[PDB]
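Undergrad: Sharing a structure below in structure tokens format, with a few things to ask.
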Amino acid sequence: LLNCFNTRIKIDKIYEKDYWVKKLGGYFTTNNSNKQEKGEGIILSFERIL
Amino acid sequence: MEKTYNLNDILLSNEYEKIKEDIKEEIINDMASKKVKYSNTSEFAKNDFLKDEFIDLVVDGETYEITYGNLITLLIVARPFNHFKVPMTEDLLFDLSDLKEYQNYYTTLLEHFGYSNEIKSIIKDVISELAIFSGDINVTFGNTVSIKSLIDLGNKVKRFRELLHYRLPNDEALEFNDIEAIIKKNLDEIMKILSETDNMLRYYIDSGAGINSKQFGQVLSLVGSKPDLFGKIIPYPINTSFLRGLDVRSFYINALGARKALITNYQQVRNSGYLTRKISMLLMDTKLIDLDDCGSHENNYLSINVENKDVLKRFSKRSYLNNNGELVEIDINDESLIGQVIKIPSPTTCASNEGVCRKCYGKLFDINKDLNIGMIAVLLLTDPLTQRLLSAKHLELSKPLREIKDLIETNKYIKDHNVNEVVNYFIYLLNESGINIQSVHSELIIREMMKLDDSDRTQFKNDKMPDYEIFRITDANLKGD
Ligand SMILES: [Zn+2]
């Protein structure tokens, strides 16, 4: 949890899901403008794993 | 010469050019007839010149005492009113003896007649006619330089003789700062003596034409201390004037500097200019929209700190949120806004994807609409920076230039700071370096560097500040993919 929380965060976004989706997407895609889409796609693949 | 001239009667007459012609002809013919007399003292010598005689000028019923020369200058520079047939209000009259004010008068002409091409043509004709007459003045009045001119003043004014023959005290207690202080004290006196006496060099000193302070004092009074090859000040100063001669030791010190100047110009050849192409690429596409209000929230408006007088100057012709109301143009002359953070509509925060609005860009919208706005910004920043880097090599003075580049071309400060902090850092960097740019142009560069994380252009009207990420100038080009 502490590793997930970087110091450069605002408390308002912590309770916002789409910020976390974008954070997940950022690992796979460098561009900050498409991050959200990648994250959502990754979630689908995650569900396909099992 | 006639002793009463009605301004707007001649300007709105169809004999406007003929009146100037005969006055211009009369003034130059007078100058050819008589010589100029010099007394080389504070009690000036008398000369019977028409340019210096007085006439009465009637502007809308009000009489001003104006010299014949100021009249012909006024008529030449009031050509707009003959062309447009619109009279000259007394607001537009200015001091015709201080040539600095002419620039501002041309500025008021541009605003009054609407920044049109027609007024742009007339100003060009005014500058042309003013210059052509200057040659006639110069070829008839005459201008000369002589060492006898210096000798003639010193024979009457003992202070000139004593400064022309000045030699430093040989105390070892004197230091580089003490000698440089004596340099200003005796040079400031020299220029004052030349302005307050009837000498052949008086018009040079008062006009500011062909006069450089340092080099003037080295010929007349004292050269001073000089740096060596690597910048260290040589312990021995040059206690002579070029007019009086130099010492063999001093000759070596001068040759060291002249050689150093030559070596420096060889090093100065370096001109990378890589940033010029990068900044131009991002900003070339930015355009303007004929929309008065894009629609933005005051918290989304940019906030800037007016710490210095230099800060307010950068934000002229732009909007400001007064404490009583909202959206009033900031007056740079009012120092009341110094020390107050203020909310400004910014080209960074303009909502419309097509272009930046008239309130966020500023009042320069109609002035710079014909040209490419982004390209105007890149040249206003590049030409100083490229020139400042080269000029600094000759002399912490070089450091501002590097930090300016690091701010926009590296992610050192981009990744951990907001745009409100980024633009204010930019104006701080420009102020220290001496770069004079209105902040709208610098903000447009930051606007394209700024890339929205949210990826929605019109979300700016929402009170919540949009999610975004600033990027490096080369990285922002790469992010397009
Ligand atoms: Zn706008």
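A short reminder: the numbers here are calculations on the coordinates, not readings from a lab. Every residue, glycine as well, gets a Cβ built from its backbone with ideal geometry; the counts of neighbours run over all protein chains shown.
Undergrad: So, B:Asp310, is that one assigned to a loop (DSSP other than H, G, I, E, B), out of contact with any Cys (no Cβ under 8 Å at 6 or more places or on another chain) and more than 16 Å from the ligand (Cβ to nearest atom) or not? Spell out how you get there, then give the answer.
TA: Values: assigned to a loop (DSSP other than H, G, I, E, B): no; out of contact with any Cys (no Cβ under 8 Å at 6 or more places or on another chain): yes; more than 16 Å from the ligand (Cβ to nearest atom): yes.
In short, no.
Undergrad: Looking only at helices (runs of 4 or more DSSP H) that fall completely inside region B:321-416, which ones have 3 or more residues that are closer than 22 Å to B:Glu432 by Cβ, within 16 Å of the ligand (Cβ to nearest atom) and away from chain A (no Cβ under 14 Å)?
TA: Helices (runs of 4 or more DSSP H) meeting the threshold: none at all.
Undergrad: For region B:1-71, which fully contained strands (runs of 3 or more DSSP E) count at least 1 residues that are of a type in the set (S, T, N, Q) and within 17 Å of B:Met88 (Cβ to Cβ)?
TA: Numbers: elements: B:4-6, B:54-59, B:62-67.
Strands (runs of 3 or more DSSP E) meeting the threshold: B:4-6, B:62-67.
Undergrad: So the check is Cβ under 8 Å with 6+ separation or different chains; which pairs have a first residue in region B:338-367 that's under 17 Å from B:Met465 (Cβ atoms) and a second one that's assigned to a strand (DSSP E or B) and near the ligand (Cβ under 9 Å from one of its atoms)?
TA: B:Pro347/B:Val356; B:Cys350/B:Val356
Undergrad: Still on this model: Any chance region A:5-26 includes a residue that's buried (at least 16 other Cβ atoms within 10 Å of the Cβ) and away from every other protein chain (no Cβ under 13 Å)?
TA: yes
Undergrad: Pairs only if they're at least six apart or on different chains, beta carbon under 7 angstrom, first in region B:455-476 and closer than 15 Å to B:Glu298 by Cβ, second in a loop (DSSP other than H, G, I, E, B) and among the hydroxyl-bearing types (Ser, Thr, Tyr); list them, first residue then second.
TA: B:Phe460/B:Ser296; B:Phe460/B:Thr349; B:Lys461/B:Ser296
Undergrad: Can you tell me which of B:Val422, B:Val440 is within 21 Å of A:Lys10 (Cβ to Cβ) and not in a loop (DSSP other than H, G, I, E, B)?
TA: Just a single option satisfies the conditions, and that option is B:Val422.
Undergrad: Is it true that some residue in region B:453-471 is touching a helix residue (DSSP H, G or I) at 6+ places or on another chain (Cβ under 9 Å), β-branched (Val, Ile, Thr) and more than 19 Å from B:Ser352 (Cβ to Cβ)?
TA: yes
Undergrad: Given (1) within 14 Å of chain A (Cβ to nearest Cβ); (2) over 23 Å from B:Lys313 (Cβ atoms); (3) not in a loop (DSSP other than H, G, I, E, B), identify the lone condition not met by B:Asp481.
TA: Condition not satisfied by B:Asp481: (3).
Undergrad: Okay, moving on. What about A:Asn32, is it under 14 Å from B:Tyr468 (Cα atoms) and within 14 Å of chain B (Cβ to nearest Cβ)?
TA: Values: under 14 Å from B:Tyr468 (Cα atoms): yes; within 14 Å of chain B (Cβ to nearest Cβ): yes.
Judged against the criteria, A:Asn32 is a match.
Undergrad: Looking at (1) within 16 Å of the ligand (Cβ to nearest atom); (2) under 19 Å from B:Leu364 (Cα atoms), can you tell me which one B:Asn300 breaks?
TA: Result: B:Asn300 passes all but (2).
Undergrad: From the list B:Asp198, B:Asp178, B:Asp125, which one is within 30 Å of B:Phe49 (Cα to Cα), out of contact with any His (no Cβ under 7 Å at 6 or more places or on another chain) and in a helix (DSSP H, G or I)?
TA: Exactly one of B:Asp198, B:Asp178, B:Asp125 is within 30 Å of B:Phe49 (Cα to Cα), out of contact with any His (no Cβ under 7 Å at 6 or more places or on another chain) and in a helix (DSSP H, G or I), namely B:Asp125.
Undergrad: Can you confirm whether region B:85-92 contains a residue that is more than 21 Å from B:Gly61 (Cβ to Cβ) and surrounded by 14 or more Cβ atoms within 10 Å (Cβ to Cβ)?
TA: no
Undergrad: State all residues of region B:417-462 that are within 13 Å of another protein chain (Cβ to nearest Cβ) and small (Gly, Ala, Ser); if no residue qualifies, say none.
TA: Within region B:417-462, B:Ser455 is the sole residue that qualifies.
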